[PDB]
Amino acid sequence: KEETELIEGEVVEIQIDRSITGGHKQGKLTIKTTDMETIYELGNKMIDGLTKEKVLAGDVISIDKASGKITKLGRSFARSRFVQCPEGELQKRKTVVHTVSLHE
Amino acid sequence: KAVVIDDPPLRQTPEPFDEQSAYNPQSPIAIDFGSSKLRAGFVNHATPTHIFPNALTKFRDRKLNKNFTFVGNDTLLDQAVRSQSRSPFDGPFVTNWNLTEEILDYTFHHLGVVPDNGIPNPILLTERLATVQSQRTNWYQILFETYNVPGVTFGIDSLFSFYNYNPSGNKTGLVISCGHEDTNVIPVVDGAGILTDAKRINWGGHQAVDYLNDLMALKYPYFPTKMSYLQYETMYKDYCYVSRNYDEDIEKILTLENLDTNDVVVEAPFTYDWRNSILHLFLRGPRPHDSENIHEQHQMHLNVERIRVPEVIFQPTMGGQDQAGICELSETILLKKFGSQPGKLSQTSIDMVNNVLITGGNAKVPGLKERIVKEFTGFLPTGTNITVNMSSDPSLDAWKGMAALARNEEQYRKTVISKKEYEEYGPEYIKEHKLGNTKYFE
Amino acid sequence: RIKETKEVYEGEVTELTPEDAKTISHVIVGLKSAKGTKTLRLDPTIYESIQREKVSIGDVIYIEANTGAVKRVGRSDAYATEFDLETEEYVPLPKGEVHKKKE
Amino acid sequence: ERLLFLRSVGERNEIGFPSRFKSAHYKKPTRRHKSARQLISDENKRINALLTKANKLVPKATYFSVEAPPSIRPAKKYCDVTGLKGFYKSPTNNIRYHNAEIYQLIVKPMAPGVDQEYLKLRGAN
C-alpha cells in the first residue's frame, strides 16, 4: 500500500514567455476544478513537459510532480474525448494498493 | 473557560524621589534613553533606582486653569491621563525635544539632585547604531549648553550589555539585541565592536504588537469592542512563544488533538459537521459556536498567531520587510566574514560562536534560545562548541553596562568628551572608542 | 564469511567546486544535515559519477566511502518554493549525522 | 476626593520657567516638526552631497550599509487568511489560500478594498 500526491483539473489558460535570446522561459498556468481555481508559476522543466504532448485550454490533465509525467484525461464539456471537470480539491493525496506476485 | 483581559491596573502610589542628603556632585548619572522605557540611577548601586515608561502628559485642570505635567509613573494614576500619554520618540528617532527636556528635568528632580549653574555630574547615555548626526547634534545642544555637563559619553546598549557580561573588555563574541524598534546583530572582536559588519532588522516589539492588532482586526471584522494598545501588548506578552520548528508546527496546529491543549481564548471586557471545517476550527476553536450568545460574541481565539507573531524576526518577509532573518545574518557573519572560508571556521569565528549573548527587552519570548541554538547547530560544522547566554532580566543589562564601565576607572576616560573638546572640534566629532559609534568616512 | 564496514555520507549539497590541475584533480563537496555540516575532498571518478546523476547545489545525495556509489535522493525541502510548479521531488533534511559507520 | 488626588501630584513636581536645573544662558532656538520620515532623506542627500564633492578618500561605512540585505534563499508562501501553508493563489486578486472551503467562504464572496488590506501585511500592494 502506497500513497502519491496528484494534480487534477481543467486547464484555463497557458502563457509561455520567451526572452530576447530565449535562454530562459517563464510561464503561467491557470487550472481549475468545480470548487477552486489557481494560477501556478512554471519553471523550465514543467514548460518543456507542457510543450511536449501539447496541452491547450479546456483540456483536463493529470500532473505527477515528483515524476514529471502528465497525462491528458480528455477534453471538458465545452462546445462554445469528452470527460467531466474534476471536483473537490486540486492537490489530492491518493492511495493505491499494489499487488505483485513472487515471480515478478 | 475564557479568561478576561483588561487594561493593566493603575499605580496607587506615585514615584518617590531620592533623599537630597545623599547627593554628591562627583558621582556620575546613568541614563538609558530607551523608547519603551527609561532607566535612571546613580552608578554606586548595581540596580537602577527609577524605571518608568517614557511618556508625558499636559493635563489641564478646569478649576485651576494650569496645565499640569505628569511624567512616567505619574501617568499611571488615571485612565484619562494614561490614554493621553505621548512618547517623545517617533519611530527609531526623536522628533520633538521639549518633551525630552521636560522628562530630563523630571528625572533630575526625582534623582535627589540639588544643582547650580547646570548639572555638575558627568552623564552616561545610549546612542543607536549608525545614528543620524542631527540626533547627536541636538543632544550636544541640550547637554553641553542647557545642562552645563562636565562630560558626555555615547555608546550602544547591546555593546554595553556585552561589557556587563564580559568586564575584561578584551573578549570576543556575538551580540544579538532584540529591542523595541529594531533588532541588531553586532560582532565583537577583541572587545571592540566591528561596526562595519553589524546589521539592522526593522522589526521589534512595537511592530509585533501592531502585527497582532492588524491580524486581530482582520480575523473578526465585526468585533464590537475596540481594544487599546496595552491589551494587545498583554496578550502578546502572555500567550506568544517561538516554535521550535515552524514548518512542522504549521501542519498540525489545527488538528483536533492540538486545540485541546494549545488553544487559548480571551474575552473582551463589557458591562456538514464543524469537525471537518478548517475555517470553524480556525475561528471558534474546538468547541461548537453559539452565535446568539452575547458572551461568545466578545470572545477571541488565539491558535495560529501564538507561533506566527514571534516568527517574523526569523523571516522578515512575513512582516513586509525584504531583509534576511537573524539566522541568515549570523550565518553570513560566522561563515563568510572575519577570514572564514565556508567549511573552515577561523579562530575569531570559533571565539565568536563560543560567546553568543542575547540581550534586549524582546528576548523574553520563550523558546528563543533553543531555536537559536538549533539553527546555529544546523549551519555550523559538526562538533563546534556553541554557548548561548541570556540574563534573567535582559531589559536591564545596558544600565549594568553603564555601572560596570563607570566603576572601571581606566578605560572610562577613553570615552569621555569634555566641554573643551566640544568647543574645539565643534558638534561633528566622534570619540572612536570600543563601546561607541564610528566615523562615517574611512 | 567476510567482515566489512559500511561508511555512508548523506546530506544536502552546499558547495560543489571543481578545479583544474583539461582534467580536474579533485572536487570539494560540502554536505549538510540537521546536526551540522562536513566538507570532503573527492577523487575525479566520484565527480564523474556525480555528473552522471545531475547533482546541483541543494540536492540531498548519498555517498558510500568504500564502493564510491553516489545516489541522488532528491532536492532539499528548503528550496521547494523557488517555483509554484516544478518536476522535482522535495525531501527533508536527514536528522542524523552526515557520517555514519557500521560493521 | 478622587479628583483632588491629581492636584497633589501636580504640586509635587512643578518646574517654574526660571528653572533651577538648566543653565543661565538659555537661548532656545526655534523648533521645527522634523518627522522621522524626512531625517532619512536629509541624511541621504547629505551623504550624496559629500560623495559628489569627494569624487570630483572613498567613504565605506554608511547608513545604507548598516541595514540587513535581502535574503538569498527563497521565501515560504503562506495562506493570507489562516496563516497555514498556501498551496494555491487566486488568479483574480492574487491572494494565497489553503484549500477549497477557505476559498469559497472568504476569497470568492470578497468585497473589493479588502484584498489590499490583506496584502498590506506582507507588503504586496
Side-chain angles (χ1 to χ4, degrees), chain B residues 172-178 183 185-188 199 201 241-250 307 310-311 313-315 324-338 340-359 363 365-390 394, chain C residues 8-15 29-40 57-63 73 76-79 91-101, chain D residues 71-73 76:
Chain B
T172 288
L174 199 68
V175 192
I176 296 168
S177 175
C178 307
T183 294
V185 178
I186 306 179
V188 188
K199 296 303 177 195
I201 301 165
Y241 70 102
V242 169
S243 64
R244 188 80 27 94
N245 203 337
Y246 196 65
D247 283 353
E248 309 300 327
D249 273 46
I250 303 301
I307 73 171
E311 169 86 5
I313 70 180
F314 296 96
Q315 332 189 35
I326 305 174
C327 164
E328 202 152 352
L329 294 171
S330 292
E331 179 293 1
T332 287
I333 281 173
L334 294 167
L335 253 70
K336 307 216 70 38
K337 269 155 203 40
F338 301 100
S340 291
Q341 137 85 50
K344 202 278 304 183
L345 284 178
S346 78
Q347 253 296 320
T348 325
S349 298
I350 293 157
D351 293 20
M352 266 175 330
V353 159
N354 223 318
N355 206 18
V356 173
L357 164 76
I358 307 177
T359 186
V365 194
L368 174 57
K369 162 159 109 193
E370 296 89 325
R371 171 91 191 255
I372 281 180
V373 155
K374 184 181 276 307
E375 294 271 5
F376 269 50
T377 281
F379 60 81
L380 277 176
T382 36
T384 303
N385 253 321
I386 307 159
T387 314
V388 166
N389 318 303
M390 164 162 78
Chain C
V8 160
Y9 307 102
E10 187 102 55
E12 178 199 309
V13 174
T14 57
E15 143 161 21
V29 189
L31 296 199
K32 173 162 140 221
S33 64
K35 292 249 172 244
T37 193
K38 161 151 204 115
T39 189
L40 324 168
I57 305 293
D59 293 17
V60 178
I61 61 164
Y62 159 92
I63 304 182
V73 182
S76 36
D77 186 270
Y79 285 22
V91 279
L93 269 172
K95 297 292 307 306
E97 324 253 13
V98 183
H99 195 78
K100 283 173 155 333
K101 174 84 75 168
Chain D
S71 177
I72 321 90
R73 52 209 63 260
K76 293 295 178 184

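The sequence lines fix the lettering, A, B, ..., with proteins before strands; numbering per chain opens at 1. Only heavy atoms go into these numbers, but all of them, side chains included; no hydrogens, no water, no symmetry mates.
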Run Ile250(B) and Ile307(B) through side-chain contact (heavy atoms from CB on, under 4.5 Å) and show every step you take. CA-CA 9 Å; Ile250(B) 303 301; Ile307(B) 73 171; 3.6 Å; yes

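Note that NZ of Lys95(C) and OG of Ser33(C) are 10.0 Å apart. Values are rounded to the nearest 0.5 Å. Note that the CG atom of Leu368(B) and the CE atom of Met390(B) stand 6.0 Å from one another [nearest 0.5 Å]. Of the inter-residue distances, the one linking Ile358(B) atom CD1 with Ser177(B) atom OG reads 10.5 Å to the nearest 0.5 angstrom. Between the CD1 atom in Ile333(B) and the CE atom in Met352(B) there is a gap of 7.5 Å [rounded to 0.5 Å]. Here the CG-CG distance, from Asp77(C) to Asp247(B), works out to 6.5 Å after rounding to the nearest 0.5 Å. With rounding to the nearest 0.5 angstrom, the CG atom of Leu40(C) is 10.5 Å from the CD atom of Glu15(C).
Panel note: side chain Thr172(B), backbone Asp351(B); no donor-acceptor pair is recorded below 3.5 Å. Between the side chain of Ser340(B) and the backbone N or O of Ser349(B) there is no donor-acceptor pair closer than 3.5 Å. Under a 3.5 Å cut-off, the side chain of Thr183(B) and the backbone N or O of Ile201(B) do not form any donor-acceptor pair. With hydrogens and angles disregarded, a donor-acceptor distance shorter than 3.5 Å links the side chain of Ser346(B) to the backbone of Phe338(B). Checked by atom type and distance alone, the side chain of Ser76(C) never pairs as donor or acceptor with a backbone atom of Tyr79(C) at under 3.5 Å.
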Which atom pairs, donor and acceptor, lie under 3.5 Å between side-chain atoms of residues 379-387 of chain B and protein residues at least two apart or in another chain?
residue, atom, partner, partner atom, Å
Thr382(B), OG1, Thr37(C), O, 3.4
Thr384(B), OG1, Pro381(B), O, 2.8
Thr387(B), OG1, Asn354(B), OD1, 2.9

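Among all heavy-atom pairs drawn from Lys76(D) and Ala78(C), the shortest one is NZ-O, 3.9 Å. Contact record, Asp249(B) with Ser243(B): OD2-CB, 3.8 Å, taken as the closest heavy-atom pair. When all heavy atoms are compared, the tightest approach of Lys32(C) to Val98(C) is C-CG2, 4.3 Å. When every heavy atom of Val60(C) is checked against every heavy atom of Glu10(C), the shortest pair comes out as CG1-OE2, 4.2 Å.
By the 4.5 Å heavy-atom criterion applied to side chains, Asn355(B) and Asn389(B) are counted as neighbours. The shortest distance between side-chain heavy atoms of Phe376(B) and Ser330(B) falls below 4.5 Å. Side chains of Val13(C) and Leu31(C) form a contact here, defined as non-hydrogen atoms less than 4.5 Å apart. The shortest side-chain heavy-atom distance between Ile186(B) and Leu174(B) does not fall under the 4.5 Å cut-off. Here the side chains of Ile176(B) and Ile326(B) are in contact, with some heavy-atom distance below 4.5 Å. Counting heavy atoms from C-beta on, the side chains of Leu335(B) and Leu345(B) come closer than 4.5 Å.
Evaluation of the ring pair (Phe, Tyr, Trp, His ring centres under 6.0 Å) rule for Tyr9(C) yields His99(C) as partners, not counting sequence neighbours.
With respect to the salt-bridge test (charged N to carboxylate O, under 4.0 angstrom), the residues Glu328(B) and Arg73(D) qualify. Classification of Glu311(B) and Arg371(B) as a salt-bridged pair holds, one side-chain N sitting under 4.0 Å from a carboxylate O. Ion pairing of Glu370(B) with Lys374(B) is absent here, as no side-chain N (NZ or NE/NH1/NH2) approaches a carboxylate O to less than 4.0 Å.
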